[PDB]
$ cat structure04.cif   # mmCIF, C-alpha atoms; chains and numbers go by the auth columns
data_protein
#
loop_
_atom_site.group_PDB
_atom_site.id
_atom_site.type_symbol
_atom_site.label_atom_id
_atom_site.label_comp_id
_atom_site.label_asym_id
_atom_site.label_seq_id
_atom_site.Cartn_x
_atom_site.Cartn_y
_atom_site.Cartn_z
_atom_site.B_iso_or_equiv
_atom_site.auth_seq_id
_atom_site.auth_asym_id
ATOM 1 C CA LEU A 1 -105.227 38.050 27.793 0.00 1 Z
ATOM 2 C CA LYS A 2 -106.987 39.168 24.610 0.00 2 Z
ATOM 3 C CA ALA A 3 -103.666 39.213 22.729 0.00 3 Z
ATOM 4 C CA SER A 4 -102.629 35.800 24.105 0.00 4 Z
ATOM 5 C CA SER A 5 -106.083 34.379 23.300 0.00 5 Z
ATOM 6 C CA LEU A 6 -106.004 35.492 19.684 0.00 6 Z
ATOM 7 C CA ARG A 7 -102.499 34.117 19.397 0.00 7 Z
ATOM 8 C CA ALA A 8 -103.534 30.749 20.885 0.00 8 Z
ATOM 9 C CA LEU A 9 -106.643 30.468 18.698 0.00 9 Z
ATOM 10 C CA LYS A 10 -104.483 30.813 15.567 0.00 10 Z
ATOM 11 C CA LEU A 11 -102.269 27.987 16.891 0.00 11 Z
ATOM 12 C CA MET A 12 -105.096 25.506 17.512 0.00 12 Z
ATOM 13 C CA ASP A 13 -105.477 22.082 15.944 0.00 13 Z
ATOM 14 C CA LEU A 14 -109.224 21.989 16.391 0.00 14 Z
ATOM 15 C CA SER A 15 -110.538 18.450 16.954 0.00 15 Z
ATOM 16 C CA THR A 16 -120.222 11.421 11.246 0.00 16 Z
ATOM 17 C CA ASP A 17 -119.583 13.551 8.172 0.00 17 Z
ATOM 18 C CA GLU A 18 -122.009 16.155 9.560 0.00 18 Z
ATOM 19 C CA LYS A 19 -119.795 16.544 12.647 0.00 19 Z
ATOM 20 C CA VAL A 20 -116.651 16.858 10.503 0.00 20 Z
ATOM 21 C CA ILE A 21 -118.335 19.528 8.387 0.00 21 Z
ATOM 22 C CA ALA A 22 -119.382 21.385 11.558 0.00 22 Z
ATOM 23 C CA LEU A 23 -115.802 21.176 12.831 0.00 23 Z
ATOM 24 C CA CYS A 24 -114.523 22.782 9.655 0.00 24 Z
ATOM 25 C CA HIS A 25 -117.111 25.541 10.042 0.00 25 Z
ATOM 26 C CA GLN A 26 -116.061 26.105 13.665 0.00 26 Z
ATOM 27 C CA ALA A 27 -112.393 26.464 12.624 0.00 27 Z
ATOM 28 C CA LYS A 28 -113.350 29.567 10.613 0.00 28 Z
ATOM 29 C CA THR A 29 -113.951 31.831 13.598 0.00 29 Z
ATOM 30 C CA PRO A 30 -115.042 35.486 13.734 0.00 30 Z
ATOM 31 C CA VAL A 31 -111.516 36.483 14.836 0.00 31 Z
ATOM 32 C CA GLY A 32 -109.518 34.247 12.474 0.00 32 Z
ATOM 33 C CA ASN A 33 -108.859 30.674 11.467 0.00 33 Z
ATOM 34 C CA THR A 34 -107.353 27.982 13.621 0.00 34 Z
ATOM 35 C CA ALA A 35 -104.038 26.599 12.359 0.00 35 Z
ATOM 36 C CA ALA A 36 -105.527 23.207 11.639 0.00 36 Z
ATOM 37 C CA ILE A 37 -108.350 20.796 12.116 0.00 37 Z
ATOM 38 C CA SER A 38 -107.624 17.295 13.391 0.00 38 Z
ATOM 39 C CA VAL A 39 -109.764 14.367 12.251 0.00 39 Z
ATOM 40 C CA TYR A 40 -109.466 10.637 11.810 0.00 40 Z
ATOM 41 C CA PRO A 41 -107.886 9.664 8.454 0.00 41 Z
ATOM 42 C CA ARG A 42 -111.131 8.566 6.823 0.00 42 Z
ATOM 43 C CA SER A 43 -112.562 12.065 7.369 0.00 43 Z
ATOM 44 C CA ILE A 44 -109.793 13.914 5.543 0.00 44 Z
ATOM 45 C CA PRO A 45 -111.456 14.023 2.073 0.00 45 Z
ATOM 46 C CA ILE A 46 -114.760 15.488 3.277 0.00 46 Z
ATOM 47 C CA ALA A 47 -112.882 17.917 5.492 0.00 47 Z
ATOM 48 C CA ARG A 48 -110.759 19.120 2.593 0.00 48 Z
ATOM 49 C CA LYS A 49 -113.859 19.619 0.461 0.00 49 Z
ATOM 50 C CA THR A 50 -115.517 21.602 3.230 0.00 50 Z
ATOM 51 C CA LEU A 51 -112.476 23.802 3.945 0.00 51 Z
ATOM 52 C CA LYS A 52 -112.176 24.603 0.232 0.00 52 Z
ATOM 53 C CA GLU A 53 -115.906 25.324 -0.139 0.00 53 Z
ATOM 54 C CA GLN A 54 -115.909 27.796 2.766 0.00 54 Z
ATOM 55 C CA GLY A 55 -112.853 29.629 1.415 0.00 55 Z
ATOM 56 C CA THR A 56 -110.334 28.508 4.049 0.00 56 Z
ATOM 57 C CA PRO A 57 -108.021 26.235 2.027 0.00 57 Z
ATOM 58 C CA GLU A 58 -105.010 27.256 4.139 0.00 58 Z
ATOM 59 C CA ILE A 59 -106.416 25.602 7.280 0.00 59 Z
ATOM 60 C CA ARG A 60 -104.262 22.497 7.619 0.00 60 Z
ATOM 61 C CA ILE A 61 -105.646 19.018 8.009 0.00 61 Z
ATOM 62 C CA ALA A 62 -103.948 16.957 10.718 0.00 62 Z
ATOM 63 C CA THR A 63 -104.736 13.399 11.567 0.00 63 Z
ATOM 64 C CA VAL A 64 -103.523 10.654 13.915 0.00 64 Z
ATOM 65 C CA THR A 65 -101.871 7.280 13.424 0.00 65 Z
ATOM 66 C CA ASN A 66 -100.693 4.483 15.693 0.00 66 Z
ATOM 67 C CA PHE A 67 -103.419 6.023 17.812 0.00 67 Z
ATOM 68 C CA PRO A 68 -104.122 6.187 20.666 0.00 68 Z
ATOM 69 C CA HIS A 69 -102.299 3.044 21.734 0.00 69 Z
ATOM 70 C CA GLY A 70 -98.689 3.763 20.727 0.00 70 Z
ATOM 71 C CA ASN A 71 -98.141 0.118 19.865 0.00 71 Z
ATOM 72 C CA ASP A 72 -94.638 -0.929 18.753 0.00 72 Z
ATOM 73 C CA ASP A 73 -95.550 -2.550 15.414 0.00 73 Z
ATOM 74 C CA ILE A 74 -93.666 -0.390 12.943 0.00 74 Z
ATOM 75 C CA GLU A 75 -95.287 -1.920 9.865 0.00 75 Z
ATOM 76 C CA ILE A 76 -98.777 -1.131 11.144 0.00 76 Z
ATOM 77 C CA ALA A 77 -97.849 2.421 12.157 0.00 77 Z
ATOM 78 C CA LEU A 78 -96.247 2.952 8.754 0.00 78 Z
ATOM 79 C CA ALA A 79 -99.241 1.559 6.831 0.00 79 Z
ATOM 80 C CA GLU A 80 -101.552 3.855 8.769 0.00 80 Z
ATOM 81 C CA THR A 81 -99.230 6.825 8.122 0.00 81 Z
ATOM 82 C CA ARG A 82 -99.067 6.040 4.389 0.00 82 Z
ATOM 83 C CA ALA A 83 -102.871 5.833 4.337 0.00 83 Z
ATOM 84 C CA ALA A 84 -103.203 9.192 6.113 0.00 84 Z
ATOM 85 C CA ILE A 85 -100.888 10.720 3.508 0.00 85 Z
ATOM 86 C CA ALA A 86 -102.882 9.092 0.675 0.00 86 Z
ATOM 87 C CA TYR A 87 -106.168 10.431 2.092 0.00 87 Z
ATOM 88 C CA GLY A 88 -104.635 13.928 1.815 0.00 88 Z
ATOM 89 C CA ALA A 89 -103.304 14.800 5.284 0.00 89 Z
ATOM 90 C CA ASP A 90 -101.146 17.883 5.643 0.00 90 Z
ATOM 91 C CA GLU A 91 -99.855 16.628 8.988 0.00 91 Z
ATOM 92 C CA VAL A 92 -99.755 13.288 10.763 0.00 92 Z
ATOM 93 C CA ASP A 93 -99.556 12.957 14.537 0.00 93 Z
ATOM 94 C CA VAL A 94 -98.159 9.484 15.283 0.00 94 Z
ATOM 95 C CA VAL A 95 -98.080 7.956 18.761 0.00 95 Z
ATOM 96 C CA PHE A 96 -94.578 7.063 19.942 0.00 96 Z
ATOM 97 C CA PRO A 97 -94.195 3.505 21.321 0.00 97 Z
ATOM 98 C CA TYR A 98 -93.954 4.781 24.855 0.00 98 Z
ATOM 99 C CA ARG A 99 -94.647 1.425 26.522 0.00 99 Z
ATOM 100 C CA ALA A 100 -91.724 -0.038 24.600 0.00 100 Z
ATOM 101 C CA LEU A 101 -89.489 2.775 25.868 0.00 101 Z
ATOM 102 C CA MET A 102 -90.676 2.158 29.414 0.00 102 Z
ATOM 103 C CA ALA A 103 -89.617 -1.487 28.834 0.00 103 Z
ATOM 104 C CA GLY A 104 -86.104 -0.320 27.835 0.00 104 Z
ATOM 105 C CA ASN A 105 -86.488 -0.456 24.053 0.00 105 Z
ATOM 106 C CA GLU A 106 -85.307 2.892 22.683 0.00 106 Z
ATOM 107 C CA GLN A 107 -84.538 1.586 19.212 0.00 107 Z
ATOM 108 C CA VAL A 108 -88.084 0.692 18.222 0.00 108 Z
ATOM 109 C CA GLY A 109 -89.237 4.270 18.964 0.00 109 Z
ATOM 110 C CA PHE A 110 -86.431 5.639 16.796 0.00 110 Z
ATOM 111 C CA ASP A 111 -87.215 3.203 14.002 0.00 111 Z
ATOM 112 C CA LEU A 112 -90.970 3.801 14.141 0.00 112 Z
ATOM 113 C CA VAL A 113 -90.647 7.590 14.074 0.00 113 Z
ATOM 114 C CA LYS A 114 -87.999 7.442 11.350 0.00 114 Z
ATOM 115 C CA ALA A 115 -90.113 5.196 9.105 0.00 115 Z
ATOM 116 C CA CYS A 116 -93.111 7.511 9.503 0.00 116 Z
ATOM 117 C CA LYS A 117 -90.976 10.635 8.942 0.00 117 Z
ATOM 118 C CA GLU A 118 -89.530 9.211 5.721 0.00 118 Z
ATOM 119 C CA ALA A 119 -93.019 8.601 4.371 0.00 119 Z
ATOM 120 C CA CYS A 120 -94.222 12.028 5.447 0.00 120 Z
ATOM 121 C CA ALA A 121 -91.189 13.893 4.139 0.00 121 Z
ATOM 122 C CA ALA A 122 -91.523 12.278 0.707 0.00 122 Z
ATOM 123 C CA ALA A 123 -95.056 13.778 0.553 0.00 123 Z
ATOM 124 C CA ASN A 124 -94.265 17.197 2.103 0.00 124 Z
ATOM 125 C CA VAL A 125 -96.343 16.201 5.158 0.00 125 Z
ATOM 126 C CA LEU A 126 -95.370 17.304 8.657 0.00 126 Z
ATOM 127 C CA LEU A 127 -94.927 14.629 11.340 0.00 127 Z
ATOM 128 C CA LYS A 128 -95.823 15.277 14.953 0.00 128 Z
ATOM 129 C CA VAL A 129 -94.864 12.635 17.512 0.00 129 Z
ATOM 130 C CA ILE A 130 -97.096 12.087 20.543 0.00 130 Z
ATOM 131 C CA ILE A 131 -94.961 10.865 23.439 0.00 131 Z
ATOM 132 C CA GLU A 132 -97.798 10.460 26.013 0.00 132 Z
ATOM 133 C CA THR A 133 -96.233 12.360 28.896 0.00 133 Z
ATOM 134 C CA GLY A 134 -99.087 11.338 31.217 0.00 134 Z
ATOM 135 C CA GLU A 135 -98.086 7.662 30.856 0.00 135 Z
ATOM 136 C CA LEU A 136 -94.316 8.238 30.841 0.00 136 Z
ATOM 137 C CA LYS A 137 -94.665 10.347 34.041 0.00 137 Z
ATOM 138 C CA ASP A 138 -90.948 10.574 34.773 0.00 138 Z
ATOM 139 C CA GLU A 139 -88.898 13.614 33.636 0.00 139 Z
ATOM 140 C CA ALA A 140 -86.063 11.406 32.381 0.00 140 Z
ATOM 141 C CA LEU A 141 -88.443 9.313 30.233 0.00 141 Z
ATOM 142 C CA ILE A 142 -90.165 12.427 28.858 0.00 142 Z
ATOM 143 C CA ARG A 143 -86.761 13.824 27.888 0.00 143 Z
ATOM 144 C CA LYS A 144 -85.666 10.507 26.374 0.00 144 Z
ATOM 145 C CA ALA A 145 -88.828 10.079 24.286 0.00 145 Z
ATOM 146 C CA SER A 146 -88.481 13.688 23.114 0.00 146 Z
ATOM 147 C CA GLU A 147 -84.813 13.210 22.232 0.00 147 Z
ATOM 148 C CA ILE A 148 -85.375 9.955 20.324 0.00 148 Z
ATOM 149 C CA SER A 149 -88.299 11.488 18.413 0.00 149 Z
ATOM 150 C CA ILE A 150 -86.213 14.504 17.439 0.00 150 Z
ATOM 151 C CA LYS A 151 -83.244 12.412 16.364 0.00 151 Z
ATOM 152 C CA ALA A 152 -85.568 10.273 14.217 0.00 152 Z
ATOM 153 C CA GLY A 153 -86.806 13.450 12.467 0.00 153 Z
ATOM 154 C CA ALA A 154 -90.005 14.573 14.247 0.00 154 Z
ATOM 155 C CA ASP A 155 -91.181 17.975 13.056 0.00 155 Z
ATOM 156 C CA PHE A 156 -93.143 18.439 16.293 0.00 156 Z
ATOM 157 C CA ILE A 157 -93.183 16.737 19.659 0.00 157 Z
ATOM 158 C CA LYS A 158 -96.643 16.526 21.226 0.00 158 Z
ATOM 159 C CA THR A 159 -97.561 15.888 24.826 0.00 159 Z
ATOM 160 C CA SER A 160 -100.545 13.594 24.667 0.00 160 Z
ATOM 161 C CA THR A 161 -103.292 11.718 22.894 0.00 161 Z
ATOM 162 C CA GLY A 162 -106.084 13.203 24.982 0.00 162 Z
ATOM 163 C CA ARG A 163 -107.230 9.594 25.531 0.00 163 Z
ATOM 164 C CA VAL A 164 -105.536 8.832 28.849 0.00 164 Z
ATOM 165 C CA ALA A 165 -106.179 10.104 32.361 0.00 165 Z
ATOM 166 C CA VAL A 166 -103.334 12.637 32.411 0.00 166 Z
ATOM 167 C CA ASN A 167 -102.553 14.833 29.422 0.00 167 Z
ATOM 168 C CA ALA A 168 -100.334 17.934 29.319 0.00 168 Z
ATOM 169 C CA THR A 169 -99.057 19.734 32.394 0.00 169 Z
ATOM 170 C CA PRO A 170 -96.998 22.938 32.464 0.00 170 Z
ATOM 171 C CA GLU A 171 -94.071 20.899 33.729 0.00 171 Z
ATOM 172 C CA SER A 172 -94.235 18.324 30.950 0.00 172 Z
ATOM 173 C CA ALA A 173 -94.507 21.212 28.430 0.00 173 Z
ATOM 174 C CA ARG A 174 -91.450 22.912 29.926 0.00 174 Z
ATOM 175 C CA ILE A 175 -89.465 19.676 29.879 0.00 175 Z
ATOM 176 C CA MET A 176 -90.249 19.002 26.228 0.00 176 Z
ATOM 177 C CA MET A 177 -89.457 22.546 25.141 0.00 177 Z
ATOM 178 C CA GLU A 178 -86.191 22.403 27.094 0.00 178 Z
ATOM 179 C CA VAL A 179 -85.232 19.336 25.055 0.00 179 Z
ATOM 180 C CA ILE A 180 -85.876 21.288 21.845 0.00 180 Z
ATOM 181 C CA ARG A 181 -83.740 24.137 23.144 0.00 181 Z
ATOM 182 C CA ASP A 182 -80.960 21.920 24.530 0.00 182 Z
ATOM 183 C CA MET A 183 -80.692 19.915 21.316 0.00 183 Z
ATOM 184 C CA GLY A 184 -80.471 23.156 19.300 0.00 184 Z
ATOM 185 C CA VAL A 185 -83.429 22.170 17.104 0.00 185 Z
ATOM 186 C CA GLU A 186 -85.773 25.109 17.760 0.00 186 Z
ATOM 187 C CA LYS A 187 -85.721 26.077 14.067 0.00 187 Z
ATOM 188 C CA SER A 188 -86.937 22.656 12.895 0.00 188 Z
ATOM 189 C CA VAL A 189 -89.005 21.196 15.764 0.00 189 Z
ATOM 190 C CA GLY A 190 -92.262 22.500 17.175 0.00 190 Z
ATOM 191 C CA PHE A 191 -94.146 21.741 20.367 0.00 191 Z
ATOM 192 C CA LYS A 192 -97.829 20.792 20.695 0.00 192 Z
ATOM 193 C CA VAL A 193 -99.852 20.831 23.916 0.00 193 Z
ATOM 194 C CA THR A 194 -102.778 18.425 24.108 0.00 194 Z
ATOM 195 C CA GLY A 195 -105.032 18.604 27.126 0.00 195 Z
ATOM 196 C CA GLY A 196 -104.434 20.613 30.293 0.00 196 Z
ATOM 197 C CA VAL A 197 -105.421 23.896 28.574 0.00 197 Z
ATOM 198 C CA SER A 198 -109.046 24.461 29.473 0.00 198 Z
ATOM 199 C CA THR A 199 -109.019 28.250 29.590 0.00 199 Z
ATOM 200 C CA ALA A 200 -107.621 31.320 27.918 0.00 200 Z
ATOM 201 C CA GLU A 201 -105.592 31.869 31.119 0.00 201 Z
ATOM 202 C CA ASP A 202 -104.077 28.404 30.767 0.00 202 Z
ATOM 203 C CA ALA A 203 -103.190 29.072 27.130 0.00 203 Z
ATOM 204 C CA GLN A 204 -101.414 32.274 28.138 0.00 204 Z
ATOM 205 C CA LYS A 205 -99.267 30.351 30.623 0.00 205 Z
ATOM 206 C CA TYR A 206 -98.293 27.659 28.115 0.00 206 Z
ATOM 207 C CA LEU A 207 -97.363 30.316 25.556 0.00 207 Z
ATOM 208 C CA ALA A 208 -95.316 32.139 28.179 0.00 208 Z
ATOM 209 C CA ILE A 209 -93.156 29.032 28.634 0.00 209 Z
ATOM 210 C CA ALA A 210 -92.229 29.144 24.942 0.00 210 Z
ATOM 211 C CA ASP A 211 -91.684 32.906 25.023 0.00 211 Z
ATOM 212 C CA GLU A 212 -89.367 32.582 28.015 0.00 212 Z
ATOM 213 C CA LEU A 213 -87.342 29.727 26.508 0.00 213 Z
ATOM 214 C CA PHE A 214 -86.977 30.909 22.936 0.00 214 Z
ATOM 215 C CA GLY A 215 -88.149 34.494 22.645 0.00 215 Z
ATOM 216 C CA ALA A 216 -91.623 35.777 21.881 0.00 216 Z
ATOM 217 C CA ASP A 217 -91.395 35.313 18.068 0.00 217 Z
ATOM 218 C CA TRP A 218 -90.694 31.565 18.188 0.00 218 Z
ATOM 219 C CA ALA A 219 -94.228 30.223 18.717 0.00 219 Z
ATOM 220 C CA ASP A 220 -95.723 30.536 15.232 0.00 220 Z
ATOM 221 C CA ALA A 221 -97.894 27.839 13.677 0.00 221 Z
ATOM 222 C CA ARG A 222 -94.801 25.892 12.505 0.00 222 Z
ATOM 223 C CA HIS A 223 -93.523 25.742 16.083 0.00 223 Z
ATOM 224 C CA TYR A 224 -96.478 25.715 18.503 0.00 224 Z
ATOM 225 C CA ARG A 225 -99.942 24.167 18.595 0.00 225 Z
ATOM 226 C CA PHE A 226 -102.789 23.647 21.038 0.00 226 Z
ATOM 227 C CA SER A 227 -105.605 21.132 21.305 0.00 227 Z
ATOM 228 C CA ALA A 228 -107.963 20.788 24.267 0.00 228 Z
ATOM 229 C CA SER A 229 -111.622 20.285 25.080 0.00 229 Z
ATOM 230 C CA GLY A 230 -113.339 23.597 25.716 0.00 230 Z
ATOM 231 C CA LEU A 231 -110.386 25.776 24.722 0.00 231 Z
ATOM 232 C CA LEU A 232 -111.799 27.349 21.561 0.00 232 Z
ATOM 233 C CA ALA A 233 -114.940 28.417 23.440 0.00 233 Z
ATOM 234 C CA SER A 234 -112.838 29.895 26.243 0.00 234 Z
ATOM 235 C CA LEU A 235 -110.638 31.766 23.781 0.00 235 Z
ATOM 236 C CA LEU A 236 -113.645 33.127 21.916 0.00 236 Z
ATOM 237 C CA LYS A 237 -115.277 34.196 25.208 0.00 237 Z
ATOM 238 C CA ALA A 238 -112.109 36.096 26.160 0.00 238 Z
ATOM 239 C CA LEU A 239 -112.294 37.820 22.760 0.00 239 Z
ATOM 240 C CA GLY A 240 -115.960 38.833 23.147 0.00 240 Z
ATOM 241 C CA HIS A 241 -117.677 36.021 21.199 0.00 241 Z
#
$ encode --input "structure04.cif" --output "structure tokens"
Amino acid sequence: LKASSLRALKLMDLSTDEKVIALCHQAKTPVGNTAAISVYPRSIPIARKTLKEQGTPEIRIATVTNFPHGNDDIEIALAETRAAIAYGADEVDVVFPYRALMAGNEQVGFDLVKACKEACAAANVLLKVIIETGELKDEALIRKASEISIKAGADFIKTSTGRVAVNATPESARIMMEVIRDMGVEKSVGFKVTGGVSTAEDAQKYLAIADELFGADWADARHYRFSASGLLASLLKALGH
């Protein structure tokens, strides 16, 4: 559990200016740095300044766009993504238009993700795509949203916004990672769990899914992330802090 907890901590996207600064401080933990912090776009500049000032410039800055709604207006999602890039994001987590998919429109999800990926790729920014598994609910829809996102060039597929009633489950995590495996894209596509990981014991289980599917070396920071309320504290407690 100590080994899994240290591993999970180093895979976290940890999520007023004073609160952003505090977040950056919290990412620099006694046992190592989280992979990233996650803030709203407007907070990226002050976060970058803080991370540099505390000597942790390698902590990535992630942000969110089309968020949390997953609306199907490509031009708005793209403008927000371009703004996130311009603010200085290292990574952008865009919400997939999951309601449109549930209404039978697969193409708009492809087009939205693709537009955002093209912007991100031009700037060497990673794109994560939030599919909102807790709203999709159905295995087939979770697979479909995952598949479309991957085909459109997602660098990560992500369970959830954290803003709806149901976020990640072990089953939705397994389904999404199976899509990565089945599509043969494990080298280029990561998986991010949001919600459902309250404890160090939970984190261990989610990591074990990846280890079982791909082998224990797969889940590095380019391929696996965590975000959940309370998780950092639980991980630190497991590690003696």
$ residues_around --input "structure04.cif" --residues "residue 20 (chain Z)" --least-positions-apart "6" --cutoff "10 Å" --atoms "only C-alpha atoms" --output "list in words"
residues 26, 37, 38, 39, 40, 43, 44, 46, 47 and 50 of chain Z
$ resolve_selection --input "structure04.cif" --expression "the PyMOL selection byres ((chain Z and resi 137) around 12)" --output "number ranges by chain"
Z: 98-99, 102, 131-136, 138-145, 159-160, 165-169, 171-172, 175
$ closest_atom_pairs --input "structure04.cif" --of "region 104-175 of chain Z" --to "region 201-207 of chain Z" --cutoff "9 Å" --atoms "all atoms listed in the file" --output "CSV"
residue,atom,partner,partner_atom,distance
Z:170,CA,Z:206,CA,6.5
Z:173,CA,Z:206,CA,7.5
Z:174,CA,Z:206,CA,8.5
$ residues_near_point --input "structure04.cif" --point "(-93.9, 20.3, 5.5)" --cutoff "10 Å" --atoms "all atoms listed in the file" --output "list in words"
residues 90, 91, 120, 121, 122, 123, 124, 125, 126, 127, 155 and 222 of chain Z
$ resolve_selection --input "structure04.cif" --expression "the PyMOL selection byres ((chain Z and resi 94) around 7)" --output "short mmCIF file (atom, residue, chain, number, x, y, z; two decimals) with C-alpha atoms, in the frame of the given file"
data_model
loop_
_atom_site.label_atom_id
_atom_site.label_comp_id
_atom_site.auth_asym_id
_atom_site.auth_seq_id
_atom_site.Cartn_x
_atom_site.Cartn_y
_atom_site.Cartn_z
CA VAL Z 64 -103.52 10.65 13.92
CA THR Z 65 -101.87 7.28 13.42
CA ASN Z 66 -100.69 4.48 15.69
CA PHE Z 67 -103.42 6.02 17.81
CA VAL Z 92 -99.76 13.29 10.76
CA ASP Z 93 -99.56 12.96 14.54
CA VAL Z 95 -98.08 7.96 18.76
CA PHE Z 96 -94.58 7.06 19.94
CA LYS Z 128 -95.82 15.28 14.95
CA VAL Z 129 -94.86 12.64 17.51
CA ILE Z 130 -97.10 12.09 20.54
#
$ closest_residue --input "structure04.cif" --among "Z:183, Z:219, Z:31, Z:150" --to "residue 5 (chain Z)" --atoms "all atoms listed in the file"
Z:31
$ closest_residue --input "structure04.cif" --among "Z:24, Z:68, Z:148, Z:80" --to "residue 54 (chain Z)" --atoms "all atoms listed in the file"
Z:24
$ residues_near_point --input "structure04.cif" --point "(-90.7, 31.0, 25.1)" --cutoff "12 Å" --atoms "only C-alpha atoms" --output "compact mmCIF listing (two decimals) with C-alpha atoms, in the coordinates of the input"
# COMPACT_ATOMS: atom_id res chain seq x y z
CA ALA Z 173 -94.51 21.21 28.43
CA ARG Z 174 -91.45 22.91 29.93
CA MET Z 177 -89.46 22.55 25.14
CA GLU Z 178 -86.19 22.40 27.09
CA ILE Z 180 -85.88 21.29 21.84
CA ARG Z 181 -83.74 24.14 23.14
CA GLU Z 186 -85.77 25.11 17.76
CA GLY Z 190 -92.26 22.50 17.18
CA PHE Z 191 -94.15 21.74 20.37
CA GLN Z 204 -101.41 32.27 28.14
CA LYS Z 205 -99.27 30.35 30.62
CA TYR Z 206 -98.29 27.66 28.12
CA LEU Z 207 -97.36 30.32 25.56
CA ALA Z 208 -95.32 32.14 28.18
CA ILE Z 209 -93.16 29.03 28.63
CA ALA Z 210 -92.23 29.14 24.94
CA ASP Z 211 -91.68 32.91 25.02
CA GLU Z 212 -89.37 32.58 28.02
CA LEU Z 213 -87.34 29.73 26.51
CA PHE Z 214 -86.98 30.91 22.94
CA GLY Z 215 -88.15 34.49 22.64
CA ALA Z 216 -91.62 35.78 21.88
CA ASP Z 217 -91.40 35.31 18.07
CA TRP Z 218 -90.69 31.56 18.19
CA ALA Z 219 -94.23 30.22 18.72
CA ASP Z 220 -95.72 30.54 15.23
CA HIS Z 223 -93.52 25.74 16.08
CA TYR Z 224 -96.48 25.72 18.50
$ resolve_selection --input "structure04.cif" --expression "the PyMOL selection byres ((chain Z and resi 234) around 9)" --output "mmCIF file with C-alpha atoms, in the coordinates of the input"
data_model
loop_
_atom_site.group_PDB
_atom_site.id
_atom_site.type_symbol
_atom_site.label_atom_id
_atom_site.label_comp_id
_atom_site.auth_asym_id
_atom_site.auth_seq_id
_atom_site.Cartn_x
_atom_site.Cartn_y
_atom_site.Cartn_z
ATOM 1 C CA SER Z 5 -106.083 34.379 23.300
ATOM 2 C CA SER Z 198 -109.046 24.461 29.473
ATOM 3 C CA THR Z 199 -109.019 28.250 29.590
ATOM 4 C CA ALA Z 200 -107.621 31.320 27.918
ATOM 5 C CA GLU Z 201 -105.592 31.869 31.119
ATOM 6 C CA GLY Z 230 -113.339 23.597 25.716
ATOM 7 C CA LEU Z 231 -110.386 25.776 24.722
ATOM 8 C CA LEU Z 232 -111.799 27.349 21.561
ATOM 9 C CA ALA Z 233 -114.940 28.417 23.440
ATOM 10 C CA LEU Z 235 -110.638 31.766 23.781
ATOM 11 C CA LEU Z 236 -113.645 33.127 21.916
ATOM 12 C CA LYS Z 237 -115.277 34.196 25.208
ATOM 13 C CA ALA Z 238 -112.109 36.096 26.160
ATOM 14 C CA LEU Z 239 -112.294 37.820 22.760
#
$ closest_residue --input "structure04.cif" --among "Z:35, Z:3, Z:14, Z:77" --to "residue 221 (chain Z)" --atoms "all atoms listed in the file"
Z:35
$ closest_residue --input "structure04.cif" --among "Z:61, Z:88, Z:13, Z:4" --to "residue 229 (chain Z)" --atoms "all atoms listed in the file"
Z:13
$ residues_around --input "structure04.cif" --residues "residue 110 (chain Z)" --least-positions-apart "5" --cutoff "8 Å" --atoms "only C-alpha atoms" --output "tab-separated table (two decimals) with C-alpha atoms, keeping the file's coordinate frame"
chain	number	residue	atom	x	y	z
Z	148	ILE	CA	-85.38	9.96	20.32
Z	149	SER	CA	-88.30	11.49	18.41
Z	151	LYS	CA	-83.24	12.41	16.36
Z	152	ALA	CA	-85.57	10.27	14.22
$ closest_residue --input "structure04.cif" --among "Z:146, Z:69, Z:97, Z:79" --to "residue 164 (chain Z)" --atoms "only C-alpha atoms"
Z:69
$ closest_residue --input "structure04.cif" --among "Z:6, Z:74, Z:84, Z:197" --to "residue 113 (chain Z)" --atoms "all atoms listed in the file"
Z:74
$ atom_distance --input "structure04.cif" --atom1 "CA of residue 240 (chain Z)" --atom2 "CA of residue 52 (chain Z)"
27.2 Å
$ atom_distance --input "structure04.cif" --atom1 "CA of residue 12 (chain Z)" --atom2 "CA of residue 157 (chain Z)"
14.9 Å
$ atom_distance --input "structure04.cif" --atom1 "CA of residue 108 (chain Z)" --atom2 "CA of residue 161 (chain Z)"
19.4 Å
$ build_atoms --input "structure04.cif" --residues "region 164-168 of chain Z" --atoms "N, CA, C and O atoms" --output "compact mmCIF listing (two decimals), in the coordinates of the input"
# COMPACT_ATOMS: atom_id res chain seq x y z
N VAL Z 164 -105.93 9.42 27.58
CA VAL Z 164 -105.54 8.83 28.85
C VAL Z 164 -105.90 9.80 29.96
O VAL Z 164 -106.32 10.94 29.72
N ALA Z 165 -105.73 9.35 31.21
CA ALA Z 165 -106.18 10.10 32.36
C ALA Z 165 -105.46 11.45 32.50
O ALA Z 165 -106.08 12.45 32.87
N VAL Z 166 -104.15 11.45 32.22
CA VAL Z 166 -103.33 12.64 32.41
C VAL Z 166 -102.75 13.03 31.07
O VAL Z 166 -102.09 12.24 30.42
N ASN Z 167 -103.03 14.27 30.69
CA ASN Z 167 -102.55 14.83 29.42
C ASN Z 167 -101.48 15.87 29.76
O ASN Z 167 -100.70 15.64 30.67
N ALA Z 168 -101.42 17.00 29.09
CA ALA Z 168 -100.33 17.93 29.32
C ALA Z 168 -100.40 18.53 30.72
O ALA Z 168 -101.48 18.67 31.28
